[PDB]
Every structure is written in C-alpha cells, then in structure tokens.
J.: 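Structure in structure tokens, see below.
Counting convention: from 1, in listed order, for ligands and their atoms alike. Each residue takes its place number in the sequence, starting with 1.
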Amino acid sequence: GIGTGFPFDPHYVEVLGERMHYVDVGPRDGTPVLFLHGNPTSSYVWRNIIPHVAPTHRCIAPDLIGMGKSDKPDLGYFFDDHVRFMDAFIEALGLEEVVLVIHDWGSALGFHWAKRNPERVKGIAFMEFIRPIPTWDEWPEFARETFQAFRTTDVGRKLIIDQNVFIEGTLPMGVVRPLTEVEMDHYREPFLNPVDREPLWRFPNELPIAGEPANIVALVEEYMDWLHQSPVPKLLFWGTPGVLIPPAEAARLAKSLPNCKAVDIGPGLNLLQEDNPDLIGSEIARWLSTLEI
Ligand SMILES: CN(C)c1ccc2c(-c3cc(C(=O)NCCOCCOCCCCCNS(=O)(=O)C(F)(F)F)ccc3C(=O)O)c3ccc(=[N+](C)C)cc-3oc2c1
Ligand SMILES: [Ca+2]
C-alpha cells in the first residue's frame, strides 16, 4: 500500500532567529532538488516522492515556518512572512542552483523565488499550484461555500482555528483515496494546540481568487507572466477533477508554457502525492535525467 512512515532523520537550521526543520537525503554533490509543501501539510507530503529521487539526487524538504516540526512564532503567517523565511532558509543552506518540486502554497513560494532568481533554477516540477483564479465559479462546487466562509474572521476562524476543520475535514476532502489513521495523525501532530493553527487559516485568506486579495493577485500574475515566457524546464502533474487546477486548465497550461511536459496522474483532488506517488516520483526522476544538472 502507500507508505505511511516518515523515516527521515531530522535536520534543523536557524533562520531569522527561528529553527526550521528539513529533510536532507541523497548524494551530497550535484544540483539539489528542493521540495516545497503547502497547506495544511509538511515535508510528510513528500515522503513517498523523495525515495524515487534520492538514489541519484540530493533532496531537501523544509517544513514551512509555523508548520510541521519548524518553530511556530507569533506571526500573521502572511504569504510575505513565508517568503522572508524561505528566502533565508535557502541562503542558510548555502544553496546555489536548484531544481524546484513544489505544491499548493509551496508553488507560490517556489515560483516567486524562481521569478526573482531565474539564473539559479534549473527546472520546476509543480502540481496543484497557486494561480490567479478568475471567478469563484472555477472553484469546485462541492467546496465553494466552505472556502468562502474560511475567508472571514468570525466563522472562518471558528472552523479552522477552534474546530480544526481544515485538518479533520478539508484535508481528507482533498485526497481521492482514504487517508489512514496513521497518516491523519502525522498531519494532525503540528496542530494539536489551537493557537498554532494561524497558518491554516491565513493561507486560504491569501488565496488569489476573483481579484482578492489584490496584492497577492498581482504577485501571482507576475510569476505567471514569467512562467509563460521563460525557457526554464517545466513538469506539470495534474489530476481529475483537481481543486486549484481543473483538468482543462492543466491542458491549456501544458500547451502554452514553454518547455513543459504534462503528466496526467489519474484521479486526484489537491494532494496529488497522496493519490499517485509512484507515478509522480518516477516521472520526476526520469525528467531530472533529461536536464543539464
Ligand atoms: C473525515 N472527513 C471526510 C470529514 C469531511 C468533512 C468534515 C466536515 C466538513 C468539511 C467541509 C470542508 O472542509 N469543505 C471544503 C472541502 O474542500 C475540498 C478542497 O480542498 C482540498 C484541499 C485544498 C487545499 C488548498 N490550499 S489552500 O486552502 O491553502 C489555497 F488557498 F486554496 F491554496 C465542509 C463541510 C463539512 C461538514 O460536515 O459540515 C466537518 C465540519 C465541521 C466539523 N466540526 C468538528 C465542527 C467536523 C467536520 O468533519 C469532517 C470530516
Ligand atoms: Ca521548447
């Protein structure tokens, strides 16, 4: 069955006065592969992708500030906060050139960093990524009223912070196959205390949809503009019906973005790594062998 364990030794690095945890496996030389998770996950989401790549490539998978095994300071956990911390993480590890493997809010981080530092990004593998969604009619019908409620400070915080609905409900509803109790406990662990749930609520409130919030929409449009021109090698994974990326949008993107290969993973919602890790990991490994890295 799909693996439930997380066998990786913990590594920690001080970043802007805070400790961040990261996975670091694979050979020491060569261009490293930097895996960035999103909401509400951690490096745990990459646990069955990394073993396909770690035979021949260094794999680095941080836990975002406020998440996983990373420290959880009293921040607002705005996207800008995550940018500051991941900028500093990459610099703290002394990374030069990288290949990005990114998902959900990790893709916004990876795309925004790559747009700012294109000489250092030798390829981008991405899936269920942050795009400027033009209308709420593009959001999956079965989840529409709830995600609109999440974007308030009263019902939204009751649901996500007080009642933990993003972990107990939204997370399983973003995976086609059923998550085991062991897997659910791995996702629950960073967030046992309600006061640590701020990122879980701020991330859906940063989601750029129907023009709100305007500053995030502008930032995401900027990196999409870059992605539509840049020759950087691209690998897009998509599933059906998806959540952030409907299958029609994934097709359109695969045909419009330069130097892009697209892989249909089958059934999938948001956590594509939880529905077809074997294909995602094996296709990243094969694609990496075609890059000049
Ligand atoms: C076990 N089990 C399958 C479930 C399933 C459902 C529930 C529900 C429940 C949940 C929803 C609900 O979550 N609807 C929304 C689904 O959304 C799916 C698409 O997203 C997938 C992930 C996409 C992430 C994107 N990242 S991201 O946001 O940063 C950005 F920004 F997009 F990028 C809606 C209604 C209900 C309900 O039953 O009332 C509960 C509600 C309350 C509750 N109390 C204890 C009070 C417990 C619940 O127990 C459940 C367990
Ligand atoms: Ca080409």
Side-chain angles (χ1 to χ4, degrees), residues 36-42 45 64 66-67 77-79 82 102-111 123 126-133 136 138-151 155-181 183-185 187-188 191 194 197-210 212-213 216-217 219-220 227-235 239-246 254-262 267-275 290-291:
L36 304 178
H37 73 81
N39 193 42
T41 68
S42 76
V45 79
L64 302 188
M67 304 184 85
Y77 289 101
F78 291 90
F79 178 65
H82 287 288
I102 57 191
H103 177 225
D104 188 92
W105 276 102
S107 69
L109 282 172
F111 284 137
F126 53 104
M127 74 218 54
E128 274 286 310
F129 59 98
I130 299 299
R131 57 170 189 119
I133 302 172
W136 278 96
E138 284 199 20
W139 198 259
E141 255 194 75
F142 80 105
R144 179 168 307 147
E145 289 176 16
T146 301
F147 266 81
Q148 300 178 328
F150 284 165
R151 289 158 65 91
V155 171
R157 294 176 73 78
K158 176 168 110 203
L159 293 168
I160 294 186
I161 305 291
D162 300 344
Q163 298 170 346
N164 214 10
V165 173
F166 216 99
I167 291 290
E168 294 296 343
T170 314
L171 161 67
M173 285 175 80
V175 181
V176 176
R177 63 98 172 169
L179 291 168
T180 76
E181 202 85 78
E183 285 168 331
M184 290 298 285
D185 280 342
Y187 285 116
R188 285 159 178 152
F191 297 121
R197 290 170 192 166
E198 197 70 27
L200 302 182
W201 173 86
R202 179 52 71 175
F203 269 142
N205 276 270
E206 293 278 67
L207 167 68
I209 181 162
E212 310 161 80
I216 304 307
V217 169
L219 179 157
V220 170
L227 221 42
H228 273 276
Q229 310 235 43
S230 174
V232 64
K234 306 172 193 61
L235 177 65
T240 292
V243 171
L244 297 173
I245 307 308
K255 305 160 71 67
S256 183
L257 303 179
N259 298 335
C260 185
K261 158 173 200 54
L269 284 149
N270 175 256
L271 282 83
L272 306 187
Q273 309 95 317
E274 293 298 7
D275 274 308
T290 77
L291 309 183

J.: Taking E198 first and then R157, would you say they form a salt bridge - that is, a charged N and a carboxylate O separated by under 4.0 Å?
T.: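 Salt bridge present between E198 and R157.
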
J.: Given a heavy-atom cut-off of 4.0 Å, could you list the residues near ligand 1 in chain and number order?
T.: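 Near ligand 1, by chain and number: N39, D104, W105, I130, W139, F142, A143, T146, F147, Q163, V165, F166, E168, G169, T170, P172, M173, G174, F203, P204, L207, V243, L244, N270.
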
J.: Quick one: ring pair (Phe, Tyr, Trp, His ring centres under 6.0 Å) partners of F79, sequence neighbours excluded?
T.: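 In terms of ring pair (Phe, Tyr, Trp, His ring centres under 6.0 Å), with neighbours along the sequence ignored, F79 is linked to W105.
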
J.: Over 60° means perpendicular and under 30° means parallel, so classify the ring planes of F111 and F129, tilted if in between.
T.: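 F129 and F111: perpendicular rings.
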
J.: Just list the side-chain donor-acceptor pairs under 3.5 Å for residues 139-150, sequence neighbours left out, or say none.
T.:
unit_1, atom_1, unit_2, atom_2, d
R144, NE, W136, O, 3.0
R144, NH2, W136, O, 3.4
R144, NH2, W139, O, 2.7

J.: In chain order, what residues pass the side-chain contact (heavy atoms from CB on, under 4.5 Å) check against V176, with sequence neighbours excluded?
T.: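 With sequence neighbours excluded, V176 shows a side-chain contact (heavy atoms from CB on, under 4.5 Å) to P267, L269, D275, given in chain and number order.
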
J.: Looking at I245, is its backbone amide N or carbonyl O close enough to the side chain of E128 to form a donor-acceptor pair, meaning the two atoms are under 3.5 Å apart?
T.: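 Yes: the side chain of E128 pairs with the backbone of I245.
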
